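For this one, two forms of the same chain are given in structure tokens, first as structure 1 and then as structure 2.
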Structure 1
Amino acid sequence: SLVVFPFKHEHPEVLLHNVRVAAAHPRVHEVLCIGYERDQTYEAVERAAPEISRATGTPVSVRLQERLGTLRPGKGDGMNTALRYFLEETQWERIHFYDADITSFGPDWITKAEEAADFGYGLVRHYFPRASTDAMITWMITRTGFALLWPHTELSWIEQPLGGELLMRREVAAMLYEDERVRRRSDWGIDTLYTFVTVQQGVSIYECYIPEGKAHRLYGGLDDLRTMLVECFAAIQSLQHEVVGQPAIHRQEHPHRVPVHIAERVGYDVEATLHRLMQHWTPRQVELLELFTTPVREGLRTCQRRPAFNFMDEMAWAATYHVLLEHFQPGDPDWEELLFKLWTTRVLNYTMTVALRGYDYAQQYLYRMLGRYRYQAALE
């Protein structure tokens, strides 16, 4: 197998430790790191690589990403360059991807994926325990979108549709590389696209549970997720007219109880988030709210003077999601700020009325949210 680590700016020791782990693994025949640019990290890996490959007997290489997509040059270009490398320059049967900022990586992850793949699956997705306020794009954006647009499919049931840790066999990789919808998603939307297209093509999927979790880079206020947010949404919007006549085999490793240290952390800075909700207003944003239901429109307007979020419950969010699907303009700064404020209030609402009731309550709640979304969507 080929193992890939896409990296942008990361601590060299962190990624070098992972590369080391993969190279040492009996089933890994090559490690590739795909860089955004020739930085500190790049230089480090390149210097370490020859040594590592000699030590482990398995070749390690670094490359810059190629520009293959048409949106912002980001993670997509990174991953798809790896798909190209894999398909056009190696003979390997399987490719793994793992995010480079992972600090809890172990041979573990590789073994479990390889063993599922031996069982027959086309795509193996790793998924992890999560803190109740983690994964707010995954839930409020990706899984929500999937539930609302494709209720009868397996899409909304994928646990971590955004997750960078996965194993594809060669023909699944070939299919994804050759698809032009995926190819052009050069930005953060890449994972959404891999997820959507493998499901739509009926690839059989296994979700692998990694118990010790995914310990990686942590967030301040919500707005260091802002690009990713707009991009992940734009990805769902771009797919909204797709049909998914059937269907994919899909099994999930049964999850263990969350580790305590993972359940007991806050995924973001509340005070800062509340503050930011009052900032970067624009007469045009105010005007754009004329497109939304009254509670949401009054709701968000209040945010110019003081934080408001009680209004953004489940039902308001679904209403908001439809208006966004239909009017949101990718790349318009006002639409992007508006989507950001809107998602913010959904996350604050959820944090204060649900997450604050406990880990378990908040999981019951998210699952039951998707179900309600699916039911509602199936009804029209």
Structure 2
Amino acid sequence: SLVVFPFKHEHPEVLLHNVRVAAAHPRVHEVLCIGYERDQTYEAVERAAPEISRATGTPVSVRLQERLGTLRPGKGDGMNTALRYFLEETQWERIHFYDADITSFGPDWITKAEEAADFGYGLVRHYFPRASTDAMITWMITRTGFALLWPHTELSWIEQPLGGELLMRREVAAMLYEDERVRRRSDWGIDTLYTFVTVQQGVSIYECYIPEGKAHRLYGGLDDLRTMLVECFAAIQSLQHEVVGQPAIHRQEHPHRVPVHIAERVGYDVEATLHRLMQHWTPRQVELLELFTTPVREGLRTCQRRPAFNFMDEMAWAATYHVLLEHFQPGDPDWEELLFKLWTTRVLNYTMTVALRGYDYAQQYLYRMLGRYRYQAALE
């Protein structure tokens, strides 16, 4: 199999440790590291790769990501480059992707994916326990959008649709690489597109549970996720008129109990997030709120003077989501800022009405939330 580590500026020593683990695994026949640019990380990896190849007997190569899509040059260009190399320059039957900064990587991650593929699955996804205030794009944007738009399908049931740890067999990789919607998604929206079109094409999917290993982003406001937010939402919006059938084979390995350090984690800086909600207003943002329901219009306009978020409950967020789907303009600074502020208020509301009640409450809430959204959408 080919194992791929896309990387940008992640610390090279954790990356190289992970490369070594992959290369030493008996089912891995090649490791590919796809870099963003010729930075310090890149040169460290290029230098180290020959010694790793010699010591394990498994070839390790390093390449620059190619410009294959039409959005911001980002993660999608990286992953689609790897698909191209896999398809046009190798004969391997399976390709894995893992993020470069995973902290708890071991041979078992590779073995679990390969063994599930041996059972017959076309796509294997690794999923992880997350803090109640992490994964707010996943839950409030991606899974919510899938539930509201395609309530009868498997889309909203995929645990971590934005997750970059997965295995594809060759035929699935070939289908994705040939798909123009996937190829153009050069930015953060790539994982959304891989998830969407594998489901739409009826690929069998297995989700392996890994208790630990996603790196935590640095402590910061929700502002730190703003680019990912606007690109992940734009991806959902770009797909909104697609038709998706019900037939799916989609299985999930049952979780173990969540590790204490995940249950006790806080995923963002609340004070910074409240402050940022009051910033970067324009007269145009104030006016565009006329498109939204009255409680949301009045609630977000209040944020010019002080942080407000009690208004952005579960139902208000769904109504807001549909207004954004119709009117949001990708690339337009005011629309991107409005999406960001609106999402902020939902996350804050969820934080104080759900997450503050504790990890177990939050987990049951989130699944029931998707349930109510599917039900509402199916009736309308």
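Throughout, rigid core stands for the largest set of C-alpha atoms superposing within 1.5 Å between the two forms. Quick note, the numbers are simply positions in structure 1, starting from 1.
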query: Conformational change between the two structures, one of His275, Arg301, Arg284, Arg217, C-alpha moving 2 Å or more after core fit; finding: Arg217
query: Angstrom shift of the Cα atom of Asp108 between the two structures (superposition on rigid core); finding: 1.2
query: For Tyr98, CA displacement between the two structures after the core is overlaid, in Å; finding: 0.3
